[PDB]
Amino acid sequence: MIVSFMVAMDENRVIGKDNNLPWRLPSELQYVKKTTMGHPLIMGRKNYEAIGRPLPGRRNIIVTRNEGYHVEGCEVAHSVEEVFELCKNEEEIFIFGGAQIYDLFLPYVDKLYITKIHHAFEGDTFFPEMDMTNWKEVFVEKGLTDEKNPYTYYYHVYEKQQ
Ligand SMILES: NC(=O)c1ccc[n+]([C@@H]2O[C@H](COP(=O)([O-])OP(=O)(O)OC[C@H]3O[C@@H](n4cnc5c(N)ncnc54)[C@H](OP(=O)(O)O)[C@@H]3O)[C@@H](O)[C@H]2O)c1
Ligand SMILES: CCc1nc(N)nc(N)c1C#CCc1cc(OC)ccc1OC
């Protein structure tokens, strides 16, 4: 049906600014999570491991390959092979995976979002604007600084054909 993917974009990195990804409008995260609470969320064990997170969306699913392994506090998922079909399991599904994951999830994603932040230093995953022609933007929204977020950022809407 509809596959949504959420990914950030560090001005000096790409996603891993410092073992984890930045954050903005901590309030919006609650409103959306409360209204979406129940939607499937796919994330990488590496990112979920460093960050941890309790149970945002009451459906935190981490993709990891290791038979006989189980992570308490989160659901275990298989490679994109499983997620591929799991998609048809729910109308609108959210995917996060990570850097490498997003790459292979390119043909599996229908609509993607990118958030460019003007703040990043020494991280784990760096990848500046090298090639994004594969995608086609349709809308772009700007953000604004704040007390909890003294950093300026911008929201972008990426859409695919398939
Ligand atoms: N900007 C953002 O909003 C955002 C989003 C996500 C992550 N991040 C950050 O990205 C940092 C590192 O990300 P990363 O890209 O290096 O790793 P990652 O995307 O977070 O996760 C790597 C996963 O890819 C899986 N994988 C790779 N090749 C595979 C294959 N052929 N078959 C099955 N599974 C495969 C591995 O599974 P196994 O190792 O279990 O076999 C591994 O768990 C994290 O610290 C996280 O904080 C940021
Ligand atoms: C703004 C944070 C956010 N908003 C929405 N709508 N969806 C998300 N998946 C996220 C996120 C994130 C990463 C993250 C989560 C976390 O527990 C909720 C703690 C730290 C995090 O890294 C900043």
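Heads up, the Cβs are rebuilt from the backbone with ideal geometry, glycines too, and the neighbour counts pull from every protein chain shown. Quick note: the coordinates plus some simple rules give every number you see, no bench work behind them.
Counting DSSP beta bridges in the chain, what percent are antiparallel, to the nearest 5?
Numbers: 15 of 36 bridges.
Antiparallel bridges make up about 40 percent of those DSSP assigns within the chain.
Taking 8 Å as the Cα distance limit and 6 or more residues as the minimum spacing, I'd like the relative contact order of the chain as a percentage.
Here the relative contact order equals 35 percent.
Can you give the local net charge around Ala50? Use residues other than it whose beta-carbon is closer than 12 angstrom to its beta-carbon, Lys and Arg +1, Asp and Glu -1.
Charge balance near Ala50 sits at +1.
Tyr158's amide H: which non-local residues (gap 5+, or another chain) put their own amide H closer than 5 Å, with H modeled 1.01 Å from N in plane and none for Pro or chain starts?
Those lying under 5 Å, H to H, from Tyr158 are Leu112, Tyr113, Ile114.
Starting from the coordinates of the alpha-carbon atoms of the chain, obtain the Kirkwood hydrodynamic radius over all distinct pairs and give the value in Å to one decimal.
16.5
Going by how many other Cβ atoms sit within 10 Å of their own, how do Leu86, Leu21, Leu104 line up, fewest first?
In order of increasing Cβ crowding within 10 Å: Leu104, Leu86, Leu21.
Just to confirm the number: angle between the C-alpha axis of helix 80-89 and the first principal axis of the chain, 0 to 90 degrees, nearest 10?
The angle comes out at about 90 degrees.
If you plug each phi of region 118-130 into the Karplus form 6.51 cos²θ - 1.76 cosθ + 1.60 with θ = phi - 60°, what whole-Hz ³J(HN,Hα) values come out, in order, with x for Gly and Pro?
Couplings: 9, 6, 6, 8, 6, x, 10, 10, 10, 6, x, 4, 9 Hz.
How would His70, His119 line up from fewest to most surrounding beta-carbon atoms within 10 angstrom?
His70, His119
Once the other residues with Cβ under 13 Å from the Cβ of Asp124 are scored (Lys, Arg +1; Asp, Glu -1), what is the net sum?
Every neighbour counted, the sum reads -1.
I need the phi-derived Karplus couplings for region 22-38: 6.51 cos²θ - 1.76 cosθ + 1.60, θ = phi - 60°, integer Hz, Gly and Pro marked x.
For region 22-38, the Karplus-derived couplings read x, 6, 9, 6, x, 7, 4, 4, 7, 4, 5, 4, 6, 7, 9, 2, x Hz, x marking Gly and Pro.
Assign one of three labels to region 120-162, namely rounded, prolate or oblate, based on the Cα gyration tensor with a ≥ b ≥ c the square roots of its eigenvalues; rounded applies when a/c is under 1.5, prolate when it is not and a/b is larger than b/c, and oblate otherwise.
In terms of gyration-tensor shape, oblate.
Can you flag which of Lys88/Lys136; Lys17/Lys116; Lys116/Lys142; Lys17/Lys148; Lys116/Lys160 are past 21 Å Cα-Cα?
Details: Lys88/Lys136 24 Å; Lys17/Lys116 12 Å; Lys116/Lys142 10 Å; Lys17/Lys148 18 Å; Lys116/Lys160 19 Å.
Result: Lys88/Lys136 exceed 21 Å.
Using the basic label-point model (7 angstrom from Cα toward the beta carbon), what is the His119 to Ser4 distance in nanometres?
In this crude spin-label approximation the distance works out to 2.5 nm.
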